[PDB]
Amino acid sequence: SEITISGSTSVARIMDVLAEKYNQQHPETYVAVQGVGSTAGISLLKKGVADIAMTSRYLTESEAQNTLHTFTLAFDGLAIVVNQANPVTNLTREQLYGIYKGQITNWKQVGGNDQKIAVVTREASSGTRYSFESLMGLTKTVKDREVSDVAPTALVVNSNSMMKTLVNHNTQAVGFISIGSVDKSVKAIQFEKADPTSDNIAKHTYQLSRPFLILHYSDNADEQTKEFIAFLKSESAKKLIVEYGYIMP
């Protein structure tokens, strides 16, 4: 048989591994992992042409359906990173928002050196960028969509790796990376005085995290779907999730 799980390209990175694992033990069921973004995934499931959707954000009021079931597969965290030389140890929500908006333009304003801030972001198509902006309220409504509201003087880089190298080489820069990509080349700072840790994400004391949700019709689903959903809830799956740097609720 065939199971189609659609949506989030953020979730698809780990789902590709989970699926290949489940296929080893169930060689006659192909799990098609379709990375089309959280919103297309929801639509595909509601049209009955996916069995499962995956998202990297909570559902809106309008997306919620009474017979749709949701569970949280994992949390994925973001770190704010500065150059090792930067004395700043913490930013609040309003400070970071203000910096990304271009309202706060010198580090002295947020307890640092007298030096112009270089704001660094990711490419337009980046999932990590979309979640950072959603978490920080850095989009704006324009007619029928959200548009990025980050000051267009921000510099764009195209990976975690390149973000860290940029930060590492520029005392003035601030940026964001997946929490798992943190290494000693950059200084990860607190957000609202909470350290960027697995434990703080799991307890929601650290705010900069996003859910990986799994959506399906628990009632009206066929057995192959129920069996894959069970596996996603199994220790064998969780072990894999954790080992790739995602965080158990």
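Residue positions are given as counts along the sequence shown, with the first one as 1.
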Which has the higher mean CA temperature factor in the PDB entry, 213-221 or 29-37?
-> 213-221
Higher-scoring stretch by recorded Cα B factor average, 51-59 or 200-208 = 200-208
Among the candidates 122, 169, 145, 101, give the one with the maximum CA B-factor reported in the record.
-> 145
Going by what the PDB entry lists, where does residue 93 fall on CA B-factor within its chain: lowest, middle or highest third?
-> highest
By its CA B factor, does residue 137 count among the lowest, middle or highest third of the modelled residues in the chain?
-> lowest
Against its chain's modelled residues, does residue 84's Cα B factor rank lowest, middle or highest third?
-> middle
Where the record places residue 185 (Cα B-factor, split into thirds across the chain) = middle
Going by the entry, which third of its chain does the Cα temperature factor of residue 74 land in?
-> lowest
